[PDB]
Every structure is written in C-alpha cells, then in structure tokens.
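These notes are about the structure you will find just below.
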Amino acid sequence: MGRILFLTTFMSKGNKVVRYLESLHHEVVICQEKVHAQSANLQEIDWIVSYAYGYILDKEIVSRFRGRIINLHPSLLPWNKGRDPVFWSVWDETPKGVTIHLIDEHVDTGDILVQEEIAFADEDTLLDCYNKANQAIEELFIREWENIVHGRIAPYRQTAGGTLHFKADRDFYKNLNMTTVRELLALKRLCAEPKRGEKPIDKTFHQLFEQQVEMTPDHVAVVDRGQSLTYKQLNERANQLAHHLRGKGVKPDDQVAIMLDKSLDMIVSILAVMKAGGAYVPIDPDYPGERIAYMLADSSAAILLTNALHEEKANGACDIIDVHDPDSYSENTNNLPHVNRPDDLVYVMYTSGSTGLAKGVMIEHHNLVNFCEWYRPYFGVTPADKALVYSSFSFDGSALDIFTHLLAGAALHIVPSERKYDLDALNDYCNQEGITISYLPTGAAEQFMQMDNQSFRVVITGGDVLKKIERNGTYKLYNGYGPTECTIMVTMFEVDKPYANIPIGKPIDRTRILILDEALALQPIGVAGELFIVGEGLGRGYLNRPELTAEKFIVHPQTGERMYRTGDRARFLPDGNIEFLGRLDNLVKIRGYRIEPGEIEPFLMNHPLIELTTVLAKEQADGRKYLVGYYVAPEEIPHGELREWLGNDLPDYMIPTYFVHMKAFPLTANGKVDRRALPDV
Ligand SMILES: *P(=O)(O)OCC(C)(C)[C@@H](O)C(=O)NCCC(=O)NCCS[C@@H](CS(=O)(=O)NC[C@H]1O[C@@H](n2cnc3c(N)ncnc32)[C@H](O)[C@@H]1O)[C@H](N)C(C)C
C-alpha cells in the first residue's frame, strides 16, 4: 500500500501492468519526462518501476532510491543491453528471454531479480516478436510483483559478458524491422562479412605469372595466326624489354602508354611495363589524334610504347620506344627483382566521363590478383585450355582474356583482325585448334550460339543484357557482371534455363554487395536499391579526380567500411542471385560501351550550326538500346558530316548511330526537354 512511479517512453499509459498495479490499490504516477532532484513528486514516491525508459536518471536520484528502483527490460541480460534489444537478439542470434532486474549505476547492468527464456517462430515478424516478448514480461511481472514488493526474491548478479547498443546503432537498419525472422536471417547471411582471418593478398600478378612460367615453361603461352610463343619465350623476351624499360627510369606508379594493334608485341609490352614497375595506359590506335593526345596529356606518362607505323600519330609528344627497334631489348633474360607491392597501380583504363571529359580509372595489383585467384579454381582452368584474346585491349574485358588464363597456364590466341567480325571463320579456327574457353561480348556471344559448336566447354559473356539462351552447343553459358571500377566483374551466374530477367549471379571471392536505399540503409530482400560493392575488388580511385573518388568511394558513416557507389540499381533474389534493375543515372551500356550521352553535348554544341543537343537511347522491339542524337539546327546537317565531326574528337563507339534534326525541342511544364515526346524511326 503505497505509491509507484512508472517511467516509460514508448509504451502506452493504458498498459495491463499499469492497470494491474492500480487494481491492487497502489496509487501510480506515470511520468515520461525527465525527473530531477528538485521535482515535487520525488518526495512522495515509494517505489520506482521503469519499463524501457528512454533516458538515464541523474546519479543523485539513483543513489537516493538505492534498492527500490526496478526495470522490466525484455531481453535475456546480459545479452542485448540498452537499445533495440529484441532486434539485436534476433540479428546477433543470441539466447532470447526477458529479465526483471535492479537498476544500478550503468545501463541495464544491475543484478537480475527474475529471468525467463522465450522463443520466436521463424514466420513471426520483428514486430510480432517485439509484441510477444512485451506480453511475456508483463505477465511475468503480474505473477511476481508481490514477491518483488516484499523483497522475497534474491537478486543475482549478471553473467560476465554481453553486448551493448545505442539509439544510433539502428539507423542503418531502420527500414528492416518489417521482415520475417527467416527472411531477416537470410539477409544477414547475404550481408555477412566472411569470418575473421579471411585470406588476404600478398603477391603481385607478375610474381604469380613467373611462378606459373616455371611450372609449365614449354607449354604454349600465346598464339597469333601461324606463329606462337611459349611461356619460357614470352617470359624471357618480356624480361629483356623490362630491363631496358627499368633502365630508362620507369618507377612504381609511373604510367607508360601503349599504342599497338593486337599482336605478340602487345603481350610482351604489357608484361614489360609491369615488371619494370609501372602501370600501362592502353590507347586504342583507332582513336582520333585528339583523343590520343588528351590521354597522353592528362596521364602523367612520358614513355609511349608504340611502333613506327603509328609513331607519327603522337607528334613527338612522348619519348617513343619502338617495340620493333632491336635496341629496345636487353641481353638480360632473367626475371627482374620484384619492386612492386599489391597496393601499386597495375594499369589505368579510360571509360566515359560523367560530366565532361573521361577519367582514367586506376586499378591496383590487389584488384587483378583477387580476380584471377577466384577465376582459376571456380572454372577449373588448366594449361590444356586455349583462350581467345578477343576484346579490345583498352577495355578490362581483355584483362580477363589475358591475365586470368596466363596464371592458369592456358594459351592465349589473339583473334585475327579478319576473323574477328566473321564469326564463321572464328568458329572454324576454334574447332580446328580446339579453343576450349573464351570470353565473348554479348553481341558476339549470341551470334556464336547459332553455330553448331562442339569444342567449347565454357563461354563467358557479359557487359550487355543477354536475352537469347538457346544454343546447339553443349557448353556452359556463364553470365558475368561488374564495372571497370570494381575490377572486370564482381558477380557470376551459371545460365541454366530461360528467365524473364536473367540474373547476374552471386558475388565473387572477398566481395560483398549491399542493396541500399536512398538513405544508404540496408534494403530487405526483395526491395530494390543501389548496388554497393565492398571488398578487395575496389580500385584506388579515379586519376586526377579526387572529388569523384570521394563521391564514389565513400566510407560508410555507420558501418565504417569503404564502399564504391556504382550508381547501379539491383536487388537480391530469394536464392541469393542478384537482379539488375537498370541505373538511376544518364548512362546506358550500348554494345559493350559505358557512355554519357551528355558528354557528347559539348563537342556537338560547339559546332557553329548546332545550338542545342540531346542524345537519348531508344530500343527497337528486341530491347537493344541505340543512341539517337536530336539537335536543333537551322538546316539538317549531313549524317556523315556529323559522324566525321564527332570522329575527330570521339571514338567510333561514342558516335551516335542516328542523328535527328528538329526545328525546336518539346518542353515540359517545368521547362525541361520532354524526352518522352521525341519521335523515332
Ligand atoms: P563495334 O562496336 O565497332 O566493334 C566492337 C565489337 C562488336 C567487335 C565488340 O565485340 C568489342 O570489341 N567489344 C570490346 C569493348 C569492351 O570490352 N567494353 C567493356 C565492357 S564493360 C565492362 C566493365 S564497364 O566498362 O565498367 N561496364 C559495365 C557496366 O554495365 C553494366 N553491366 C555489366 N554487366 C552487364 C550485363 N551482363 N548486362 C547488362 N548490363 C551489364 C554495369 O552497370 C556495369 O557498371 C564489363 N564488366 C564487361 C563484362 C567486361
């Protein structure tokens, strides 16, 4: 027979516990606001019962009422002390229960008066569990209140250990409390960092390559039409050029431009740059001189490895080292002493720019080794395999063709320029020589599925939305996904049946992929969001673009992990595979090229007769997006004149397929161009 102080924050004042206490003729005072020592109520309180109160009482108040302040906290203390106990008890998968304990100096650390276990079914939502636990602890309080008042119960100190969480710890998970226990723990596995001690990377690529050369020295390494070089021959010739290159001042993180057609000299030059210590800057010779001079200027590359056929195209801007000049090779054929760390730059490839000119993507040796070290065991690549070096060597799809197969002892086959686009002769060569594994761009892959091939066992594809699955061959089709920034690819799917949306697969080694909403919070399984990549595949950033590195390579505020903002939208499927749901941004992947349609606008608008331009992507029935360039000009400009105009500054793949002349552009109510209202032919 006294007075009771009920201190709560979220709970309702019409609770069963409150009504029960008043039924025992106890006058109860409900108070949610902060109480201080000078409060007029503190002198008339006989008992203080708190129940998930959102604040701590001043140490003066807690000591004055020592031995008479109790808290009903619905967790199995010491597990899940403090905030959001039920959620953390489920996420961390700790034992579950409710505990009525004394309040001591710290948060939910006092001795336990009463403790009871509870169980949650898999189908219950986190709200159901929260409610079920709240009901169980209230009934526990109703049965044991008489024992608590009379002090009959013997409090016992908490076990040593436990965890602790604060209010902000849940910000990252605010959108998650609406999911079944099964679905929640399913997301936890898909977003669980691998167990502490995960295999790191200590070696550089050429360290592993030379090791593999000494394992299969007389095995065919590279094949170019009739000629071919073995691993021993390739390793020695590259070492000769590397000694000469190193002797000319090539240092770690230095850039060495390479401008050559696909050939044996290319592979020799590529490895020579690595062994020398620097990173190679591939420059497709089909680029216009404007583009070539730009890459040479922006990149801090003084050395340009090229031939005499294309030497003049550089206009003496760089100290040229002709790959045909015999004095470019030293007598020394031994492997050079390794001077590179896995954190050093291995190459700098150029992709399209977001707002303006393109940015050199810096890829490290720890981003290529991780990819090759996963590729070889997963696909079971062996020296018996012969791989096609098909993709243009300025795109990282060529790094897949070349580097992953060399570490596996396989043989590289440079695709002859004549048979490159005549897939009939390519398939003929592949059936004759026995080409077993190769990566083919989506365009070439679909065309190859029609052939009656029987030699290949693994064809890897990717880069564009695959739609055709039917093929007469017995080879496993593999669909891969990943941006250049995250090293070649990050996910892999084994295609087995038709799908309305062929998934891109599961993450590769040491790669976590997070689906986050606009607020960067985790998305529940089945909820769309931005695909965030975490792990060893992350690059060093963009060359000479630190502002974009900070924007795209962010350190998560709650998690603290370094992640790359891809700008891509994706979702986790229930089975773990990822579904690609397009991209927020202006970009679009057209036949293997990441382009900014707006990055053509300055060149185009710079034309005297051109006032405004907007390049959109339109698909004709079969879903394949192509670019139409609408422009407002007085008179229509000849199609070929614009293609040559863009050809002076842009590569062929950045030249829109169609250009449409218009007298004026349609506008929205807000003044924006009404992109929806533009025609198409
Ligand atoms: P023609 O055009 O004049 O001659 C060209 C031909 C036709 C001969 C062609 O065979 C060729 O030579 N292609 C070489 C060009 C090339 O290799 N480009 C690189 C491909 S993109 C690369 C990484 S990326 O640059 O960052 N772009 C990937 C982004 O696109 C999305 N993506 C990735 N995978 C996708 C699939 N399977 N479907 C749909 N979209 C996909 C992501 O947002 C990526 O950010 C990727 N990684 C490939 C696989 C190397």
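Each chain in the structure tokens gets a letter, A, B, ..., in the order shown, and its residues are numbered from 1; ligands are numbered from 1 in order too.
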
Can you pull out every residue with an atom within 6 Å of ligand 1? Use only C-alpha atoms and all ligand atoms and format it as number ranges by chain.
A: 391-392, 395-397, 441, 444, 462-465, 480-484, 488-489, 568, 589, 592-594, 653

If you keep N, CA and C atoms, can you produce a file of those selected residues as an mmCIF file, in the first residue's frame?
```cif
data_model
loop_
_atom_site.group_PDB
_atom_site.id
_atom_site.type_symbol
_atom_site.label_atom_id
_atom_site.label_comp_id
_atom_site.auth_asym_id
_atom_site.auth_seq_id
_atom_site.Cartn_x
_atom_site.Cartn_y
_atom_site.Cartn_z
ATOM 1 N N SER A 391 38.741 -9.238 -76.980
ATOM 2 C CA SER A 391 38.302 -7.880 -76.697
ATOM 3 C C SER A 391 39.427 -6.875 -76.921
ATOM 4 N N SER A 392 39.041 -5.672 -77.347
ATOM 5 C CA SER A 392 39.978 -4.562 -77.469
ATOM 6 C C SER A 392 40.710 -4.343 -76.151
ATOM 7 N N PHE A 395 39.851 -2.067 -72.928
ATOM 8 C CA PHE A 395 38.788 -2.429 -72.006
ATOM 9 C C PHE A 395 39.219 -3.615 -71.150
ATOM 10 N N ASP A 396 38.780 -3.611 -69.888
ATOM 11 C CA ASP A 396 39.233 -4.626 -68.942
ATOM 12 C C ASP A 396 38.743 -6.029 -69.282
ATOM 13 N N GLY A 397 37.788 -6.171 -70.206
ATOM 14 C CA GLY A 397 37.441 -7.499 -70.683
ATOM 15 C C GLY A 397 38.613 -8.198 -71.344
ATOM 16 N N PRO A 441 31.997 -10.899 -75.887
ATOM 17 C CA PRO A 441 30.973 -9.885 -75.614
ATOM 18 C C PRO A 441 29.591 -10.362 -76.031
ATOM 19 N N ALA A 444 28.802 -10.822 -79.730
ATOM 20 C CA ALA A 444 29.423 -11.985 -80.353
ATOM 21 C C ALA A 444 28.919 -13.291 -79.751
ATOM 22 N N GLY A 462 28.871 -11.187 -70.908
ATOM 23 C CA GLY A 462 28.516 -10.103 -70.015
ATOM 24 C C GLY A 462 28.735 -8.765 -70.690
ATOM 25 N N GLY A 463 28.420 -7.707 -69.938
ATOM 26 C CA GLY A 463 28.532 -6.344 -70.394
ATOM 27 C C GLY A 463 27.245 -5.764 -70.952
ATOM 28 N N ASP A 464 26.380 -6.600 -71.518
ATOM 29 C CA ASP A 464 25.099 -6.140 -72.035
ATOM 30 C C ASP A 464 24.024 -7.168 -71.714
ATOM 31 N N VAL A 465 22.778 -6.694 -71.686
ATOM 32 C CA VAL A 465 21.632 -7.516 -71.315
ATOM 33 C C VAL A 465 21.505 -8.701 -72.264
ATOM 34 N N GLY A 480 28.446 -12.935 -66.607
ATOM 35 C CA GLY A 480 29.149 -12.190 -65.581
ATOM 36 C C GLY A 480 28.778 -10.722 -65.551
ATOM 37 N N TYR A 481 28.996 -10.071 -64.410
ATOM 38 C CA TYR A 481 28.644 -8.672 -64.225
ATOM 39 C C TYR A 481 29.694 -7.995 -63.359
ATOM 40 N N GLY A 482 29.936 -6.716 -63.639
ATOM 41 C CA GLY A 482 30.835 -5.920 -62.842
ATOM 42 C C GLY A 482 31.356 -4.712 -63.592
ATOM 43 N N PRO A 483 31.530 -3.600 -62.885
ATOM 44 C CA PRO A 483 32.093 -2.403 -63.514
ATOM 45 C C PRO A 483 33.613 -2.451 -63.559
ATOM 46 N N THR A 484 34.173 -1.621 -64.445
ATOM 47 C CA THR A 484 35.625 -1.487 -64.527
ATOM 48 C C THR A 484 36.217 -1.012 -63.205
ATOM 49 N N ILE A 488 36.864 -5.676 -63.541
ATOM 50 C CA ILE A 488 36.385 -6.605 -64.561
ATOM 51 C C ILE A 488 34.956 -6.952 -64.163
ATOM 52 N N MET A 489 34.793 -7.894 -63.234
ATOM 53 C CA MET A 489 33.465 -8.348 -62.845
ATOM 54 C C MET A 489 33.422 -8.653 -61.356
ATOM 55 N N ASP A 568 24.391 1.945 -59.912
ATOM 56 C CA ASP A 568 23.542 0.920 -60.497
ATOM 57 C C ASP A 568 22.467 0.494 -59.505
ATOM 58 N N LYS A 589 24.496 1.275 -71.194
ATOM 59 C CA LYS A 589 25.512 0.363 -71.783
ATOM 60 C C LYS A 589 25.051 -0.045 -73.186
ATOM 61 N N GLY A 592 28.510 -2.908 -75.353
ATOM 62 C CA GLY A 592 29.787 -3.071 -74.688
ATOM 63 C C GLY A 592 30.493 -1.798 -74.291
ATOM 64 N N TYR A 593 29.813 -0.656 -74.315
ATOM 65 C CA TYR A 593 30.455 0.617 -74.024
ATOM 66 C C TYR A 593 29.638 1.403 -73.009
ATOM 67 N N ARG A 594 30.315 1.888 -71.961
ATOM 68 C CA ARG A 594 29.681 2.761 -70.936
ATOM 69 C C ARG A 594 29.844 4.203 -71.432
ATOM 70 N N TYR A 653 32.760 4.224 -81.250
ATOM 71 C CA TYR A 653 31.680 3.739 -80.400
ATOM 72 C C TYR A 653 30.944 4.864 -79.686
#
```

Would you mind listing what lies within 12 Å of residue 325 of chain A as a PyMOL selection string, with only C-alpha atoms counted and same-chain residues fewer than 5 positions away left out?
chain A and resi 241+244+265+305-308+320+330

Would you mind listing what lies within 9 Å of residue 632 of chain A as an mmCIF file with N, CA and C atoms, in the first residue's frame, with only C-alpha atoms counted and same-chain residues fewer than 5 positions away left out?
```cif
data_model
loop_
_atom_site.group_PDB
_atom_site.id
_atom_site.type_symbol
_atom_site.label_atom_id
_atom_site.label_comp_id
_atom_site.auth_asym_id
_atom_site.auth_seq_id
_atom_site.Cartn_x
_atom_site.Cartn_y
_atom_site.Cartn_z
ATOM 1 N N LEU A 609 26.754 25.486 -86.497
ATOM 2 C CA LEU A 609 25.353 25.396 -86.888
ATOM 3 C C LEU A 609 24.467 24.753 -85.828
ATOM 4 N N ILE A 610 25.040 24.190 -84.769
ATOM 5 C CA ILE A 610 24.280 23.449 -83.768
ATOM 6 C C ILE A 610 24.086 24.327 -82.540
ATOM 7 N N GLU A 611 22.834 24.461 -82.100
ATOM 8 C CA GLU A 611 22.503 25.263 -80.925
ATOM 9 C C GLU A 611 22.323 24.403 -79.678
ATOM 10 N N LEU A 612 21.435 23.409 -79.735
ATOM 11 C CA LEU A 612 21.195 22.508 -78.616
ATOM 12 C C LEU A 612 21.213 21.066 -79.105
ATOM 13 N N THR A 613 21.518 20.151 -78.184
ATOM 14 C CA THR A 613 21.585 18.729 -78.497
ATOM 15 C C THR A 613 21.154 17.910 -77.291
ATOM 16 N N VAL A 660 18.968 13.056 -85.496
ATOM 17 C CA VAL A 660 17.661 13.547 -85.925
ATOM 18 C C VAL A 660 17.653 15.064 -85.823
ATOM 19 N N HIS A 661 17.405 15.726 -86.950
ATOM 20 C CA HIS A 661 17.285 17.175 -86.975
ATOM 21 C C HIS A 661 15.872 17.593 -86.589
ATOM 22 N N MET A 662 15.775 18.655 -85.792
ATOM 23 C CA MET A 662 14.497 19.186 -85.344
ATOM 24 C C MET A 662 14.572 20.706 -85.321
ATOM 25 N N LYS A 663 13.454 21.354 -85.658
ATOM 26 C CA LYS A 663 13.420 22.813 -85.660
ATOM 27 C C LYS A 663 13.422 23.378 -84.245
ATOM 28 N N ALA A 664 12.851 22.650 -83.288
ATOM 29 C CA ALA A 664 12.830 23.080 -81.897
ATOM 30 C C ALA A 664 12.543 21.870 -81.020
ATOM 31 N N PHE A 665 12.824 22.020 -79.731
ATOM 32 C CA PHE A 665 12.640 20.894 -78.823
ATOM 33 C C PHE A 665 11.350 21.033 -78.022
#
```

Quick one: residues within 7 Å of residue 6 of chain A, only C-alpha atoms counted, chain neighbours fewer than 3 positions away excluded, as a list in words?
residues 28, 29, 30, 31, 48, 49 and 50 of chain A

Keeping only N, CA, C and O atoms, take the residues you just selected and write them out as a short mmCIF file (atom, residue, chain, number, x, y, z; two decimals), in the first residue's frame.
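File written: part-v1.cif
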```
data_model
loop_
_atom_site.label_atom_id
_atom_site.label_comp_id
_atom_site.auth_asym_id
_atom_site.auth_seq_id
_atom_site.Cartn_x
_atom_site.Cartn_y
_atom_site.Cartn_z
N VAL A 28 -0.52 5.15 -8.58
CA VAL A 28 0.58 5.14 -9.54
C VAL A 28 0.65 6.50 -10.23
O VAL A 28 -0.39 7.09 -10.57
N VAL A 29 1.87 6.99 -10.44
CA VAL A 29 2.12 8.25 -11.13
C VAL A 29 2.93 7.93 -12.37
O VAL A 29 4.09 7.51 -12.27
N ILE A 30 2.33 8.12 -13.54
CA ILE A 30 3.00 7.88 -14.81
C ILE A 30 3.71 9.16 -15.24
O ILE A 30 3.11 10.23 -15.28
N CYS A 31 5.00 9.04 -15.55
CA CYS A 31 5.80 10.20 -15.93
C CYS A 31 6.81 9.77 -16.98
O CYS A 31 7.61 8.87 -16.74
N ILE A 48 9.83 2.92 -7.54
CA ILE A 48 10.09 3.35 -8.91
C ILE A 48 10.22 2.11 -9.78
O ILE A 48 11.18 1.34 -9.65
N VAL A 49 9.24 1.91 -10.66
CA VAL A 49 9.27 0.83 -11.64
C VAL A 49 9.44 1.46 -13.01
O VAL A 49 8.57 2.22 -13.47
N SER A 50 10.56 1.17 -13.67
CA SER A 50 10.83 1.66 -15.01
C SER A 50 10.63 0.53 -16.02
O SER A 50 10.77 -0.65 -15.69
#
```

Neighbouring residues of segment 669-675 of chain A were defined as those with any atom within 10 Å, considering only C-alpha atoms; residues of the same chain fewer than 4 positions away were excluded. Please report them as a VMD selection string.
chain A and resid 614 to 616 665 679

Tell me which protein, DNA and RNA residues are within 12 Å of residue 131 of chain A, counting only C-alpha atoms, leaving out same-chain ones fewer than 4 positions away, and put them as a compact mmCIF listing (two decimals) with N, CA and C atoms, in the first residue's frame.
```
# COMPACT_ATOMS: atom_id res chain seq x y z
N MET A 11 5.99 2.95 -24.41
CA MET A 11 4.84 2.16 -24.00
C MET A 11 3.64 3.05 -23.69
N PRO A 74 13.01 -6.30 -21.58
CA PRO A 74 12.67 -7.56 -22.27
C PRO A 74 13.81 -8.07 -23.13
N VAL A 86 15.40 -6.55 -28.65
CA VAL A 86 14.80 -7.65 -29.40
C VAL A 86 15.45 -7.78 -30.77
N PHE A 87 15.61 -6.65 -31.47
CA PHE A 87 16.20 -6.69 -32.81
C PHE A 87 17.60 -7.27 -32.78
N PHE A 120 10.94 -17.39 -30.44
CA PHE A 120 10.28 -16.73 -31.56
C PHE A 120 10.25 -17.67 -32.75
N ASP A 124 7.34 -15.31 -37.59
CA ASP A 124 6.98 -14.07 -36.92
C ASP A 124 7.81 -12.91 -37.45
N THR A 125 7.17 -11.75 -37.57
CA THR A 125 7.89 -10.53 -37.92
C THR A 125 8.54 -9.94 -36.67
N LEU A 126 9.51 -9.05 -36.89
CA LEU A 126 10.21 -8.42 -35.77
C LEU A 126 9.25 -7.63 -34.88
N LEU A 127 8.13 -7.17 -35.44
CA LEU A 127 7.11 -6.54 -34.60
C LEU A 127 6.38 -7.57 -33.75
N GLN A 135 4.47 -8.94 -24.06
CA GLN A 135 3.38 -9.60 -23.35
C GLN A 135 3.92 -10.58 -22.32
N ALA A 136 4.99 -11.30 -22.65
CA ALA A 136 5.52 -12.31 -21.74
C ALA A 136 6.12 -11.67 -20.49
N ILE A 137 6.77 -10.52 -20.64
CA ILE A 137 7.38 -9.88 -19.48
C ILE A 137 6.33 -9.21 -18.61
N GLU A 138 5.24 -8.71 -19.20
CA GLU A 138 4.16 -8.12 -18.41
C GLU A 138 3.47 -9.18 -17.56
```

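Residue neighbourhood of residue 646 of chain A, excluding near-sequence residues (fewer than 5 positions): residues 600, 603, 604, 641, 651, 652, 654, 655 and 656 of chain A, at 9 Å, using only C-alpha atoms.
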
Would you export the selected residues with N, CA, C and O atoms as a PDB file, in the first residue's frame, please?
```pdb
ATOM      1  N   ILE A 600      28.828  13.923 -75.063  1.00  0.00           N
ATOM      2  CA  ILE A 600      28.948  14.316 -76.460  1.00  0.00           C
ATOM      3  C   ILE A 600      28.406  15.722 -76.689  1.00  0.00           C
ATOM      4  O   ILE A 600      28.792  16.379 -77.665  1.00  0.00           O
ATOM      5  N   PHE A 603      30.913  18.789 -77.467  1.00  0.00           N
ATOM      6  CA  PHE A 603      31.546  18.710 -78.813  1.00  0.00           C
ATOM      7  C   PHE A 603      30.532  19.137 -79.883  1.00  0.00           C
ATOM      8  O   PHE A 603      30.851  19.990 -80.734  1.00  0.00           O
ATOM      9  N   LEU A 604      29.341  18.537 -79.817  1.00  0.00           N
ATOM     10  CA  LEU A 604      28.206  18.754 -80.706  1.00  0.00           C
ATOM     11  C   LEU A 604      27.754  20.209 -80.672  1.00  0.00           C
ATOM     12  O   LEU A 604      27.682  20.871 -81.713  1.00  0.00           O
ATOM     13  N   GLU A 641      28.648  14.023 -92.092  1.00  0.00           N
ATOM     14  CA  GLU A 641      29.423  15.180 -91.659  1.00  0.00           C
ATOM     15  C   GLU A 641      29.477  15.265 -90.140  1.00  0.00           C
ATOM     16  O   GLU A 641      30.514  15.619 -89.568  1.00  0.00           O
ATOM     17  N   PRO A 651      35.818   8.382 -80.246  1.00  0.00           N
ATOM     18  CA  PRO A 651      35.981   7.108 -80.950  1.00  0.00           C
ATOM     19  C   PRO A 651      34.690   6.710 -81.649  1.00  0.00           C
ATOM     20  O   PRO A 651      33.624   7.294 -81.440  1.00  0.00           O
ATOM     21  N   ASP A 652      34.805   5.683 -82.495  1.00  0.00           N
ATOM     22  CA  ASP A 652      33.662   5.237 -83.285  1.00  0.00           C
ATOM     23  C   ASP A 652      32.485   4.851 -82.397  1.00  0.00           C
ATOM     24  O   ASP A 652      31.328   5.128 -82.733  1.00  0.00           O
ATOM     25  N   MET A 654      31.555   6.041 -79.565  1.00  0.00           N
ATOM     26  CA  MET A 654      30.888   7.201 -78.989  1.00  0.00           C
ATOM     27  C   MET A 654      30.141   8.028 -80.027  1.00  0.00           C
ATOM     28  O   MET A 654      29.555   9.056 -79.673  1.00  0.00           O
ATOM     29  N   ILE A 655      30.146   7.614 -81.289  1.00  0.00           N
ATOM     30  CA  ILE A 655      29.408   8.299 -82.343  1.00  0.00           C
ATOM     31  C   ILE A 655      27.992   7.729 -82.367  1.00  0.00           C
ATOM     32  O   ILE A 655      27.829   6.527 -82.632  1.00  0.00           O
ATOM     33  N   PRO A 656      26.965   8.530 -82.083  1.00  0.00           N
ATOM     34  CA  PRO A 656      25.594   8.004 -82.093  1.00  0.00           C
ATOM     35  C   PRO A 656      25.234   7.396 -83.441  1.00  0.00           C
ATOM     36  O   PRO A 656      25.633   7.891 -84.498  1.00  0.00           O
TER      37      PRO A 656
END
```

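Between atom CA of residue 264 of chain A and atom CA of residue 427 of chain A lies a distance of 21.6 Å.
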
DSSP-assigned helix (DSSP H, G or I) members of segment 192-321 of chain A, reported as a ChimeraX atom specification:
/A:205-213,231-247,264-276,289-298,311-314

Sel. of strand (DSSP E) residues, segment 149-316 of chain A, as a PyMOL selection string
chain A and resi 164-165+220-224+227-230+255-259+279-282+303-306

Using N, CA, C and O atoms, can you write the selected residues to a file as a compact mmCIF listing (two decimals), in the first residue's frame?
```txt
# COMPACT_ATOMS: atom_id res chain seq x y z
N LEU A 164 26.26 -4.30 -26.03
CA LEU A 164 25.62 -3.02 -25.73
C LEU A 164 25.37 -2.28 -27.03
O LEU A 164 26.21 -2.30 -27.94
N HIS A 165 24.22 -1.62 -27.12
CA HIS A 165 23.83 -0.88 -28.31
C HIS A 165 23.14 0.41 -27.90
O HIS A 165 22.49 0.49 -26.86
N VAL A 220 52.41 -23.93 -74.48
CA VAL A 220 52.08 -22.82 -75.38
C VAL A 220 51.43 -21.71 -74.58
O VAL A 220 50.42 -21.92 -73.88
N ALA A 221 51.99 -20.50 -74.67
CA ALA A 221 51.50 -19.35 -73.93
C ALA A 221 50.64 -18.43 -74.79
O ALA A 221 49.56 -18.01 -74.36
N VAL A 222 51.10 -18.11 -76.00
CA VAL A 222 50.41 -17.16 -76.86
C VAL A 222 50.48 -17.66 -78.30
O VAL A 222 51.51 -18.18 -78.74
N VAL A 223 49.37 -17.53 -79.02
CA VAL A 223 49.27 -17.96 -80.41
C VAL A 223 48.70 -16.80 -81.23
O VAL A 223 47.68 -16.22 -80.86
N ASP A 224 49.37 -16.48 -82.33
CA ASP A 224 48.96 -15.40 -83.23
C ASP A 224 49.06 -15.93 -84.66
O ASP A 224 50.14 -15.92 -85.25
N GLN A 227 52.21 -18.14 -86.05
CA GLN A 227 53.28 -18.04 -85.08
C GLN A 227 52.75 -18.28 -83.67
O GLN A 227 51.55 -18.17 -83.39
N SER A 228 53.67 -18.62 -82.76
CA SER A 228 53.32 -18.86 -81.37
C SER A 228 54.57 -18.75 -80.52
O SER A 228 55.68 -19.01 -80.98
N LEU A 229 54.37 -18.36 -79.26
CA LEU A 229 55.44 -18.29 -78.27
C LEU A 229 55.05 -19.10 -77.05
O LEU A 229 53.87 -19.16 -76.67
N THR A 230 56.04 -19.72 -76.43
CA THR A 230 55.81 -20.48 -75.21
C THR A 230 55.94 -19.57 -73.99
O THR A 230 56.33 -18.40 -74.08
N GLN A 255 53.18 5.93 -65.23
CA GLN A 255 52.31 5.48 -66.32
C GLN A 255 53.12 5.38 -67.60
O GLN A 255 53.90 6.28 -67.93
N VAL A 256 52.95 4.27 -68.32
CA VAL A 256 53.58 4.05 -69.61
C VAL A 256 52.47 3.77 -70.61
O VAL A 256 51.78 2.74 -70.52
N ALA A 257 52.28 4.68 -71.56
CA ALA A 257 51.27 4.49 -72.59
C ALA A 257 51.69 3.41 -73.57
O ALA A 257 52.88 3.27 -73.90
N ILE A 258 50.72 2.62 -74.03
CA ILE A 258 50.95 1.58 -75.02
C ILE A 258 49.91 1.75 -76.12
O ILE A 258 48.71 1.75 -75.85
N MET A 259 50.38 1.91 -77.36
CA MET A 259 49.51 2.09 -78.52
C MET A 259 49.95 1.11 -79.60
O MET A 259 50.87 1.39 -80.37
N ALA A 279 52.49 1.22 -64.41
CA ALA A 279 51.17 0.85 -64.90
C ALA A 279 51.04 1.23 -66.37
O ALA A 279 51.51 2.29 -66.79
N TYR A 280 50.40 0.36 -67.15
CA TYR A 280 50.26 0.59 -68.58
C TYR A 280 48.96 1.33 -68.88
O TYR A 280 47.91 1.01 -68.32
N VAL A 281 49.05 2.32 -69.76
CA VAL A 281 47.90 3.11 -70.19
C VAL A 281 47.53 2.71 -71.61
O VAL A 281 48.13 3.22 -72.57
N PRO A 282 46.57 1.80 -71.80
CA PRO A 282 46.25 1.34 -73.16
C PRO A 282 45.56 2.43 -73.96
O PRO A 282 44.64 3.09 -73.47
N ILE A 303 56.61 8.02 -71.32
CA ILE A 303 57.00 6.95 -72.23
C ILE A 303 55.77 6.45 -72.97
O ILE A 303 54.72 6.22 -72.36
N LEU A 304 55.90 6.28 -74.28
CA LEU A 304 54.85 5.72 -75.12
C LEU A 304 55.44 4.55 -75.90
O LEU A 304 56.26 4.75 -76.80
N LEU A 305 55.01 3.34 -75.55
CA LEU A 305 55.41 2.14 -76.29
C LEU A 305 54.52 2.02 -77.52
O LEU A 305 53.32 1.77 -77.40
N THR A 306 55.11 2.19 -78.69
CA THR A 306 54.37 2.15 -79.94
C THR A 306 55.30 1.64 -81.04
O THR A 306 56.44 1.25 -80.78
```

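Of the residues under consideration (A:508, A:486, A:242, A:528), A:242 shows the shortest atom-to-atom contact distance to residue 338 of chain A when counting only C-alpha atoms.
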
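Taking atom CA of residue 485 of chain A and atom CA of residue 390 of chain A as the two end points, the separation is 21.0 Å.
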
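If you measure from each of A:493, A:350, A:499, A:294 to residue 393 of chain A using only C-alpha atoms, the closest one turns out to be A:350.
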
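Here atom CA of residue 387 of chain A and atom CA of residue 287 of chain A stand 26.4 Å from one another.
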
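Distance check against residue 121 of chain A using only C-alpha atoms: of A:327, A:182, A:490, A:446, the minimum falls on A:182.
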
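Comparing the minimum interatomic distances between residue 212 of chain A and each of A:403, A:188, A:345, A:252, counting only C-alpha atoms, we find that A:403 sits nearest.
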